[PDB]
Structure formats: C-alpha cells, structure tokens
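In what follows, a structure is listed as structure tokens, so that the remarks can point back to it.
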Amino acid sequence: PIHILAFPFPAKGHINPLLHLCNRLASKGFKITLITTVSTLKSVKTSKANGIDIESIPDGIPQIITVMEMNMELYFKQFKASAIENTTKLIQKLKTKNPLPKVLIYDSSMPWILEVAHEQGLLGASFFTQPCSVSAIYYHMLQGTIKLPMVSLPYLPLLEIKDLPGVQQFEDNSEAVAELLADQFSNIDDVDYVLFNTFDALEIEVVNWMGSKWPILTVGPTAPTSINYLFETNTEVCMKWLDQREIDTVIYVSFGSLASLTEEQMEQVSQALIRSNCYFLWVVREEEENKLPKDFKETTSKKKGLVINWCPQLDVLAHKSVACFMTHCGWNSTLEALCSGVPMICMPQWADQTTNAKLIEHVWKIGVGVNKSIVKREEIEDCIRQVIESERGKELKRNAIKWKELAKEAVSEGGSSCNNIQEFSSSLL
Ligand SMILES: C[C@]12CC[C@H](O)C[C@H]1CC[C@@H]1[C@@H]2CC[C@]2(C)[C@@H](c3ccc(=O)oc3)C[C@H]3O[C@]132
Ligand SMILES: O=c1ccn([C@@H]2O[C@H](COP(=O)(O)OP(=O)(O)O)[C@@H](O)[C@H]2O)c(=O)[nH]1
Numbered sequence: 003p004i005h006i007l008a009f010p011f012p013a014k015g016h017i018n019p020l021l022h023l024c025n026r027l028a029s030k031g032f033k034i035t036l037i038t039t040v041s042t043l044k045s046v047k048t049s050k051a052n053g054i055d056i057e058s059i060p061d062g063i064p065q071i072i073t074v075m076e077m078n079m080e081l082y083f084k085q086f087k088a089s090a091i092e093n094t095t096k097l098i099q100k101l102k103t104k105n106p107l108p109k110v111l112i113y114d115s116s117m118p119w120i121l122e123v124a125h126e127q128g129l130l131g132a133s134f135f136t137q138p139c140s141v142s143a144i145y146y147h148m149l150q151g152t153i154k155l156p164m165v166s167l168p169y170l171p172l173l174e175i176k177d178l179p180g181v182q183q184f185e186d187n188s189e190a191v192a193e194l195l196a197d198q199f200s201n202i203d204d205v206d207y208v209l210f211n212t213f214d215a216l217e218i219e220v221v222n223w224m225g226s227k228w229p230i231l232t233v234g235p236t237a238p239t256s257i258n259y260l261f262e263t264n265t266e267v268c269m270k271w272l273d274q275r276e277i278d279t280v281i282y283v284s285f286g287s288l289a290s291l292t293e294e295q296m297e298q299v300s301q302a303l304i305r306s307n308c309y310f311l312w313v314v315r316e317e318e319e320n321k322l323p324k325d326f327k328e329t330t331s332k333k334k335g336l337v338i339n340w341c342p343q344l345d346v347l348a349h350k351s352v353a354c355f356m357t358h359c360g361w362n363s364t365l366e367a368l369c370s371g372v373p374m375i376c377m378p379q380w381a382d383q384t385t386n387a388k389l390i391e392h393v394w395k396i397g398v399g400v401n402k403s408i409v410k411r412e413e414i415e416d417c418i419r420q421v422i423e424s425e426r427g428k429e430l431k432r433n434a435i436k437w438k439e440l441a442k443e444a445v446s447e448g449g450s451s452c453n454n455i456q457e458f459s460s461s462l463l
C-alpha cells in the first residue's frame, strides 16, 4: 500500500480541503498520515472513524494563527524554520516503519516543504487551496506583472482595484502577506505534482493557460459533495433545526474560520437578519460571541434563528431548507456552495475573498455583493430580498444548479477531476 503524507497549513480552510482529498485517496487504498501542529490537534475532537494516522509537530512559535498576526513576517519565518526541522524529524521516524512514505502533499502556501520532501527522497505535491484564477494573480505578483496595494490579466475578467486580493486590510502585515502569496510559485518548476482544488469547467481558459506552462491536476471539489470533520461541528443540533425548516427558507450565514467582524458590523448583521423575516443559521465562533447584541443569542434570535459556534457546513449547504448563503467568500465556502447549488450573498473581507466575490457575482453569476457605506442592514436586507424573493434570485438559483451539475460531472467517473485524481493515483503506482 502506497503511503502518502499530507501537511496542510494550520488553518481550517487549508486543513479541510486537504483532509477531504486524503479521504478520497484512502478510499482508493492509500495509507494516509496527516501532519498537524499541536495547536490544530487541540481542537481535533473526532478522528477514530477516519482511519487516517494523525502525527503532530510543534507549533514552532509562541502559544497559532493568532500569534502569527501579531508579526506576520517574523512569525511566519519562525513557523517555517520549525516546520522544516520538525517535518524532517517526523519523516526520518516514519522511514523506520512499513509502509514507507512515497509522497508528501503539502499546502501550496509552504513551498519550501518541497525541499524537505526531495531531501528525504519523497515526491512532492503542492496543493493549492484557492482557485486557478486567484492563483494566477499570485503568479503575476511573483513575476512582477502586478504589485498588490482597472486591471487586465490574461484569461481573467477585467477587474477593479477592489477585486484584487486584499492585503491592505492586514495593515502592517500587508507586505509580508503579499510576499507569501507570491511565494507559492517560487519553485513551481521543481514540484512533482501541482494539484488545484477546482474543476476545469469552472475556469476553462485560465486552467488551459496554466497547463501550457506546467502539468497541473485539477482535483476539486475535494469535499465529498461522518469522517468528514475533525472539529466539533454541533451536527445533531444543526441538522435537527434544519429538518424543522421548509424548502428554501433558511439563510445560512458564516464568515469562515478566521475573519472577525467589528461589534458595530455584527449589530448591522444581527438587525438585518431579524428585520428580514427569514429563518437563519448563523455561525458565530465562540471567541466572537460577546460582540453580538445583548440578548441576541439567547432571546431575540430564538424565534427565527439558530446561532451556533460551528456547524457541519457541507451538511448544511446540502440541506434543501437553505435558500442562500451569506458568506465571506473564502474559497472553500464559495466552492462548497457552488457545488451544492446554493446562491450567495457576498461580503468578502480580505485576501482572495475579494476576487472570489467578483467571480461569484460576475463570472459564475450565483451571487450578489453588498456595498459598503461598514455594510448597513438595509443593504443586507436588500440583498436578501434580491436572492430570496426577486426574479434575479431565481436566475442565480438556476445558475447555481447548473454549476452543481457540472461539479457533479467533474467528480464522477470520466469527469475531469475524477480522471486527474486517477492520473495522480496511477503515477504513484
Ligand atoms: C493576516 C491573517 C488575517 C487575520 C487573522 O486574524 C489571521 C492572520 C494571520 C494568518 C494569516 C491571515 C490571512 C490569511 C493568511 C495569509 C493565509 C495564507 C498563508 C500563507 C499563504 O501563502 O497564503 C495564505 C493563512 C493564514 O496565514 C494567514
Ligand atoms: O460553521 C462552519 C464554518 C466553516 N466550516 C468549514 O470551514 C472551512 C472554511 O474555509 P473557507 O475557505 O471558506 O474560509 P476561511 O476560514 O479559510 O477564511 C470550510 O471548509 C467550511 O466548510 C465549517 O465546517 N463549519
């Protein structure tokens, strides 16, 4: 049995898509060892079902994402040095056990792990967790074609400056983040396999352009559109609440695993959802409850809402009661919603979320965007009415369903992503 090592960047939007790919590979008979930091493992609550081996390495910085943002340039470099040393030591240990590791799939944000793989005699696969269109922008930043602070780039829609990946939002971490994004392509010619969590039909032209430079493998959605979650997802509570809701009546709301809204912005969102008279399921992370309005969680949301610190997002987006998804437009949420046929209300915050919202609204045509003044309740209510009631909203739903069907083709036999995972799997045999 071929033994695959997997090393995501320590954040849920990087762990989860690689985990789903690992589950697909394990179903084809590969042994998987998933390398997590101690900080990630502390939140891991369920993994006996997975049958994947989990091996921990130290965080490598003081006690992990929240330490990192205090000083991105320094602490990302300390994380890098520690991870290079600790993954080397772990691989040395795994080389004393059968089956021996053959390949290391690592997050594309850590391109320097390629040199660890090759030094240890492993193949290296860089796993890109953002779409081809956004990754192309990072390639152009590495080339100096573009510097991030109307924009035409090959095979991308014309973009406003607001649609470029947002790094100014990180203030003093701005420059450090821009260099890290561009670094994803710093050794691409030396990578053994280039894996993208997308499917061809979603971005035909830029995928074709990319494939003219390097052999790339589109293998997405990796999510299985359970063994599906590592972290606490409150599945029973969420799914029983959804099961009491009628078709097309629920606004699912989530800003992902990282982004945080100000107390004032949360007030705007809370009131927009109440004045809307729709049922809503709003993921508010535990460390972000306290910025909700006074009696919001315990009383005023009780009639129409479920406010929860984490949900089983794949199961929620697959539920017929969900009519639309108010999202920060992180790539996993965008692709999971698209593959589930769920139209979106885009409220992007930073990095690739800005560009994803543009693709959602103007290319794939499965969502509407809010306009800032902060984003006010009336703006949110207006977007909800657009999606939930208006004729335009029915068009967005039909478009989302057409993409769901194309994504279903891509991952089924003979589809582009199924074939590419097969090709990857065969190359290892
Ligand atoms: C700045 C920050 C946002 C605020 C929040 O409290 C956390 C902040 C620190 C971590 C930061 C995060 C923004 C997204 C990242 C840059 C992302 C990443 C890393 C390397 C790369 O190549 O591509 C993308 C994953 C995570 O490293 C991020
Ligand atoms: O209540 C939630 C909210 C999010 N997710 C998952 O967390 C990931 C969020 O990734 P994304 O790229 O959308 O945004 P990020 O957190 O990286 O900003 C996705 O895998 C979601 O499926 C989840 O399982 N439950």
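Throughout the sequence shown, residue numbering follows the entry's author numbering, covering 3 to 65, 71 to 156, 164 to 239, 256 to 403, 408 to 463 in sequence.
Using N, Cα and C, we set each Cβ at its ideal position, and we do this for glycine too.
How is residue i classed by DSSP in three states: helix, strand or coil?
| i | result |
| --- | --- |
| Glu447 | coil |
| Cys341 | coil |
| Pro378 | coil |
| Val313 | strand |
| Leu167 | coil |
| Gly360 | coil |
| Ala289 | coil |
| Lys334 | coil |
| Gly427 | helix |
| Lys33 | strand |
| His5 | strand |
| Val299 | helix |
| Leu130 | strand |
| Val346 | helix |
Kindly indicate the opening and closing residues of the alpha helix (DSSP H) around residue i.
| i | result |
| --- | --- |
| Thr95 | 79-101 |
| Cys354 | Note, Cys354: premise wrong, no alpha helix (DSSP H); beta strand (DSSP E) at 352-357. |
| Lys227 | 218-227 |
| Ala387 | 383-388 |
| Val110 | Where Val110 is concerned, there is no enclosing alpha helix (DSSP H), although the beta strand (DSSP E) it sits in stretches over 108-114. |
| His147 | 139-150 |
| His125 | 120-126 |
| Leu272 | 265-273 |
Would residue i and residue j qualify as a contact pair, given that the criterion is a beta-carbon distance under 9 angstroms?
| i | j | result |
| --- | --- | --- |
| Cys24 | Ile6 | yes |
| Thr357 | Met374 | yes |
| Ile56 | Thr38 | yes |
| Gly180 | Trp437 | no |
| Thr48 | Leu260 | yes |
| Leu272 | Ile455 | no |
| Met117 | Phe11 | yes |
List the endpoints of the continuous beta strand (DSSP E) containing residue i.
| i | result |
| --- | --- |
| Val208 | 207-210 |
| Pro19 | Where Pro19 is concerned, there is no enclosing beta strand (DSSP E), although the alpha helix (DSSP H) it sits in stretches over 14-29. |
| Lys410 | Segment: none, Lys410 is in no beta strand (DSSP E) and carries neither H nor E. |
| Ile277 | Note, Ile277: premise wrong, no beta strand (DSSP E); not H, not E. |
| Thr232 | 230-232 |
- Would you call the stretch 85-92 and the stretch 190-210 in contact, with 3 or more CB pairs under 8 angstroms? With contact defined as three or more Cβ pairs closer than 8 angstroms, the stretch 85-92 and the stretch 190-210 are not in contact.
- Message: Across the stretch 74-81 and the stretch 118-130, are there enough close Cβ pairs to call them in contact, namely three or more that are closer than 8 angstroms?
- Response: Because the criterion of three Cβ pairs below 8 angstroms is not met, the stretch 74-81 and the stretch 118-130 do not touch.
- Task: Starting from the N-terminal side, write out each stretch of the alpha helix (DSSP H) that is 4 residues or longer and does not extend beyond the stretch 35-61.
- Result: For the stretch 35-61, the full-length alpha helix (DSSP H) segments reaching 4 residues or more read 40-45 along the chain.
- Message: Can you confirm whether the stretch 201-213 touches the stretch 303-315 when touching is taken to mean that 3 or more C-beta pairs between the two stretches lie within less than 8 angstroms?
- Response: Three or more beta-carbon pairs separated by less than 8 angstroms are not found between the stretch 303-315 and the stretch 201-213, which leaves the two stretches without contact.
- Indicate whether the contact test is met: 3 or more Cβ pairs, each with one atom in the stretch 135-155 and one in the stretch 343-350, closer than 8 angstroms. No: fewer than three Cβ pairs fall under 8 angstroms.
- Query: Using 8 angstroms as the threshold, is the stretch 221-228 in touch with the stretch 387-401, meaning 3 or more CB pairs across them?
  - Reply: The stretch 221-228 vs the stretch 387-401: no contact.
- Item | Sequence ranges, alpha helix (DSSP H) only - wholly within the stretch 171-202, length at least 4 | Segments of the alpha helix (DSSP H) lying fully in the stretch 171-202: 188-197.
- Item | the stretch 97-116 contacting the stretch 127-134, beta-carbon criterion three pairs below 8 angstroms | Two segments are said to touch when three or more pairs of C-beta atoms, one from each, lie closer than 8 angstroms; by this definition the stretch 97-116 touches the stretch 127-134.
- Message: Closer than 8 angstroms is the cut-off here; do at least three beta carbon pairs connect the stretch 364-374 with the stretch 421-440?
- Response: Taking a cut-off of 8 angstroms for Cβ pairs, the stretch 364-374 and the stretch 421-440 touch, as three or more such pairs fall below it.
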